[PDB]
There are 2 protein chains.
Amino acid sequence: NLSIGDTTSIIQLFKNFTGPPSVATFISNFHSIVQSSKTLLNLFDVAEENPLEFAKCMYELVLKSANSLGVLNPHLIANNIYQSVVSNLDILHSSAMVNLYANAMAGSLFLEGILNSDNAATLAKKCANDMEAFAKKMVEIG
Amino acid sequence: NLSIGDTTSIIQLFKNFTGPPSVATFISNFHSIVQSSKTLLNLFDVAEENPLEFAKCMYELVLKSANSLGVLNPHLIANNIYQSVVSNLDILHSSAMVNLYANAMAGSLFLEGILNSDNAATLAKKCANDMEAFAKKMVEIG
């Protein structure tokens, strides 16, 4: 099944007790993937260096990522993330560095009509795995 | 909201099967507030007309709203929402137009330690009610 959070059938998805918005399951997956995957933390462990390395990496990565996904205006996501990082630069902390990324991208990917109740986990994995895969061009052996 | 928005239902939210973050319940509140307030929906009903009116409204609105909420970098949320409003022209839906405003504000409040599992209703209400209050401040008089 390749999901791990999948432990109960569609009965519990339609039990009339719950129904969080699709934006919430994306950001909750993203925060969990950061804790599960050392290579995300291995970038934030060097966020004490030049902050433009992280901010310019984020902009240029989101430029290719949002184009590859097929977003209506892929510049909007990269610009949102670059501007939120460079201004609110007080919060270089490991989780805080992705709280802006995950919220800005979750609300912006919504604009393509994607980010369904389950596809939100696929998009969260895509964005988080592309983040560490590109960070390996900027981070070094250690 | 005839006390219907404050019934201390949080006992049902803490039942060993769910527990979404403060940033998610804000967005669910925002949807309910947008649906109940006719004047919020009456803004997005004119979406067939000039999109610059929404972009300039949201830019000037968020500039003073984020300062009034005491946010560290009020320019970021205004700049991000402004660029995003000129970048969702294919999906100018009522819930979609407000999704960018609400989720960008929610993430920017969350990172700073503002916005909480019950205070999110107060923040969502004042942020939503200021949107229609600034829309009815650019229409003609008769």
# chains A, B, ... in the order shown; residues from 1 in each chain; ligands from 1

$ residues_around --residues "residue 81 of chain A" --least-positions-apart "3" --cutoff "12 Å" --atoms "only C-alpha atoms" --output "PyMOL selection string"
(chain A and resi 54-63+74-78+84-89+97-108) or (chain B and resi 76-77+79-81+83-84+104+107-108)

$ write_last_selection --atoms "N, CA and C atoms" --output "CSV table (one decimal), in the first residue's frame"
chain,number,residue,atom,x,y,z
A,54,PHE,N,19.8,29.2,1.2
A,54,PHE,CA,18.5,28.5,1.4
A,54,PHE,C,17.4,29.3,0.6
A,55,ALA,N,17.3,30.6,0.7
A,55,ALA,CA,16.3,31.4,0.0
A,55,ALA,C,16.4,31.2,-1.6
A,56,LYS,N,17.6,31.3,-2.1
A,56,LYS,CA,17.8,31.2,-3.6
A,56,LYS,C,17.6,29.8,-4.1
A,57,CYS,N,18.0,28.8,-3.3
A,57,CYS,CA,17.6,27.4,-3.5
A,57,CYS,C,16.1,27.1,-3.6
A,58,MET,N,15.4,27.6,-2.6
A,58,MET,CA,13.9,27.6,-2.5
A,58,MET,C,13.3,28.2,-3.7
A,59,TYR,N,13.6,29.4,-4.1
A,59,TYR,CA,13.1,30.1,-5.3
A,59,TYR,C,13.3,29.3,-6.6
A,60,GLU,N,14.6,28.9,-6.9
A,60,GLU,CA,14.9,28.2,-8.1
A,60,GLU,C,14.3,26.8,-8.2
A,61,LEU,N,14.3,26.1,-7.1
A,61,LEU,CA,13.6,24.8,-7.0
A,61,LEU,C,12.1,24.9,-7.2
A,62,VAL,N,11.4,25.8,-6.6
A,62,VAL,CA,10.0,26.0,-6.8
A,62,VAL,C,9.6,26.4,-8.2
A,63,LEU,N,10.5,27.2,-8.8
A,63,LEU,CA,10.4,27.6,-10.3
A,63,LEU,C,10.3,26.3,-11.2
A,74,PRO,N,3.3,29.4,-12.0
A,74,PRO,CA,4.3,28.8,-11.1
A,74,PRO,C,5.2,29.8,-10.4
A,75,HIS,N,5.4,30.9,-11.0
A,75,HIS,CA,6.1,32.1,-10.4
A,75,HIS,C,5.5,32.5,-9.0
A,76,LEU,N,4.2,32.4,-8.9
A,76,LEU,CA,3.5,32.9,-7.6
A,76,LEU,C,4.0,32.1,-6.4
A,77,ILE,N,4.2,30.8,-6.5
A,77,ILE,CA,4.7,30.0,-5.4
A,77,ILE,C,6.1,30.3,-5.0
A,78,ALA,N,7.0,30.4,-6.0
A,78,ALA,CA,8.4,30.7,-5.8
A,78,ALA,C,8.6,32.1,-5.2
A,84,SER,N,8.5,35.6,1.7
A,84,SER,CA,8.2,35.2,3.1
A,84,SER,C,9.5,34.8,3.9
A,85,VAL,N,10.4,34.1,3.3
A,85,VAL,CA,11.7,33.7,3.9
A,85,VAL,C,12.6,35.0,4.1
A,86,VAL,N,12.9,35.8,3.1
A,86,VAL,CA,13.8,36.9,3.2
A,86,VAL,C,13.4,38.0,4.2
A,87,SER,N,12.0,38.2,4.3
A,87,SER,CA,11.5,39.2,5.3
A,87,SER,C,11.4,38.6,6.7
A,88,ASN,N,10.8,37.5,6.9
A,88,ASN,CA,10.6,36.8,8.3
A,88,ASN,C,11.8,36.0,8.7
A,89,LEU,N,13.0,36.4,8.3
A,89,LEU,CA,14.3,35.7,8.5
A,89,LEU,C,14.8,35.5,10.0
A,97,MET,N,11.4,27.0,9.2
A,97,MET,CA,11.8,27.0,7.8
A,97,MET,C,10.9,26.3,6.8
A,98,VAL,N,10.1,25.4,7.2
A,98,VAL,CA,9.1,24.7,6.4
A,98,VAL,C,7.6,25.1,6.7
A,99,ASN,N,7.3,25.7,7.8
A,99,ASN,CA,6.0,26.2,8.1
A,99,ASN,C,5.5,27.2,7.1
A,100,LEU,N,6.4,28.2,6.6
A,100,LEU,CA,6.1,29.1,5.5
A,100,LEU,C,6.1,28.3,4.2
A,101,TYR,N,7.0,27.4,3.9
A,101,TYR,CA,7.1,26.7,2.6
A,101,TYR,C,5.8,25.8,2.4
A,102,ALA,N,5.4,25.0,3.4
A,102,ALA,CA,4.3,24.1,3.3
A,102,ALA,C,3.0,24.9,3.3
A,103,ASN,N,2.7,25.9,4.1
A,103,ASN,CA,1.5,26.7,4.0
A,103,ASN,C,1.4,27.5,2.6
A,104,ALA,N,2.5,28.2,2.2
A,104,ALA,CA,2.5,28.9,0.9
A,104,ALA,C,2.2,28.0,-0.2
A,105,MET,N,2.9,26.8,-0.3
A,105,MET,CA,2.7,25.8,-1.4
A,105,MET,C,1.3,25.1,-1.3
A,106,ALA,N,0.8,24.7,-0.1
A,106,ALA,CA,-0.5,24.1,0.0
A,106,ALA,C,-1.7,24.9,-0.6
A,107,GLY,N,-1.7,26.2,-0.2
A,107,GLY,CA,-2.7,27.2,-0.7
A,107,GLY,C,-2.5,27.5,-2.2
A,108,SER,N,-1.3,27.6,-2.7
A,108,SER,CA,-1.0,27.8,-4.1
A,108,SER,C,-1.2,26.6,-5.0
B,76,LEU,N,5.2,41.0,4.0
B,76,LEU,CA,5.3,39.7,3.3
B,76,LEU,C,3.9,39.2,2.9
B,77,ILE,N,3.0,39.3,3.8
B,77,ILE,CA,1.6,38.7,3.6
B,77,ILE,C,0.9,39.5,2.6
B,79,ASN,N,2.4,41.4,0.1
B,79,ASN,CA,3.1,41.2,-1.2
B,79,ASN,C,2.7,39.8,-1.8
B,80,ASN,N,2.7,38.7,-0.9
B,80,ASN,CA,2.3,37.4,-1.3
B,80,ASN,C,0.9,37.3,-1.8
B,81,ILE,N,-0.1,37.8,-1.0
B,81,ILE,CA,-1.5,37.7,-1.4
B,81,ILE,C,-1.7,38.6,-2.7
B,83,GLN,N,0.5,39.3,-5.3
B,83,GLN,CA,1.0,38.5,-6.4
B,83,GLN,C,0.1,37.2,-6.7
B,84,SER,N,-0.4,36.6,-5.6
B,84,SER,CA,-1.3,35.4,-5.8
B,84,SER,C,-2.7,35.7,-6.4
B,104,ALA,N,-2.4,32.0,3.7
B,104,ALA,CA,-1.2,32.9,3.8
B,104,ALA,C,-1.2,33.6,5.2
B,107,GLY,N,-0.7,30.8,8.1
B,107,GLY,CA,0.7,30.4,8.3
B,107,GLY,C,1.6,31.5,8.9
B,108,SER,N,1.4,32.7,8.4
B,108,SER,CA,2.2,33.9,9.0
B,108,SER,C,1.9,34.2,10.4

$ calpha_fit_rmsd --fixed "chain A" --moving "chain B"
2.1 Å

$ closest_residue --among "A:28, A:16, A:39, A:22" --to "residue 116 of chain A" --atoms "only C-alpha atoms"
A:22

$ select_by_dssp --residues "segment 20-104 of chain A" --states "alpha helix (DSSP H)" --output "VMD selection string"
chain A and resid 22 to 36 38 to 44 51 to 69 75 to 87 96 to 104

$ atom_distance --atom1 "atom CA of residue 90 of chain A" --atom2 "atom CA of residue 123 of chain A"
27.6 Å

$ residues_around --residues "residue 109 of chain B" --least-positions-apart "6" --cutoff "9 Å" --atoms "only C-alpha atoms" --output "VMD selection string"
chain B and resid 23 66 69 71 115

$ write_last_selection --atoms "N, CA and C atoms" --output "PDB file, in the first residue's frame"
ATOM      1  N   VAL B  23      -3.636  26.174  12.878  1.00  0.00           N
ATOM      2  CA  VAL B  23      -3.616  26.736  11.516  1.00  0.00           C
ATOM      3  C   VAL B  23      -4.688  26.134  10.594  1.00  0.00           C
ATOM      4  N   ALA B  66      -2.254  43.124   8.988  1.00  0.00           N
ATOM      5  CA  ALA B  66      -1.089  42.470   9.584  1.00  0.00           C
ATOM      6  C   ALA B  66      -0.350  43.369  10.599  1.00  0.00           C
ATOM      7  N   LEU B  69      -2.808  43.147  13.717  1.00  0.00           N
ATOM      8  CA  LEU B  69      -2.531  41.853  14.364  1.00  0.00           C
ATOM      9  C   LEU B  69      -1.107  41.768  14.972  1.00  0.00           C
ATOM     10  N   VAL B  71       1.990  41.538  13.522  1.00  0.00           N
ATOM     11  CA  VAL B  71       2.896  40.612  12.813  1.00  0.00           C
ATOM     12  C   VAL B  71       4.286  41.230  12.582  1.00  0.00           C
ATOM     13  N   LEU B 115      -2.249  32.935  16.856  1.00  0.00           N
ATOM     14  CA  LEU B 115      -3.217  31.957  16.337  1.00  0.00           C
ATOM     15  C   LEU B 115      -3.194  30.619  17.116  1.00  0.00           C
TER      16      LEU B 115
END

$ atom_distance --atom1 "atom CA of residue 120 of chain B" --atom2 "atom CA of residue 29 of chain B"
7.7 Å

$ closest_residue --among "B:65, B:3, B:73, B:36" --to "chain A" --atoms "only C-alpha atoms"
B:73

$ atom_distance --atom1 "atom CA of residue 7 of chain B" --atom2 "atom CA of residue 117 of chain B"
13.7 Å
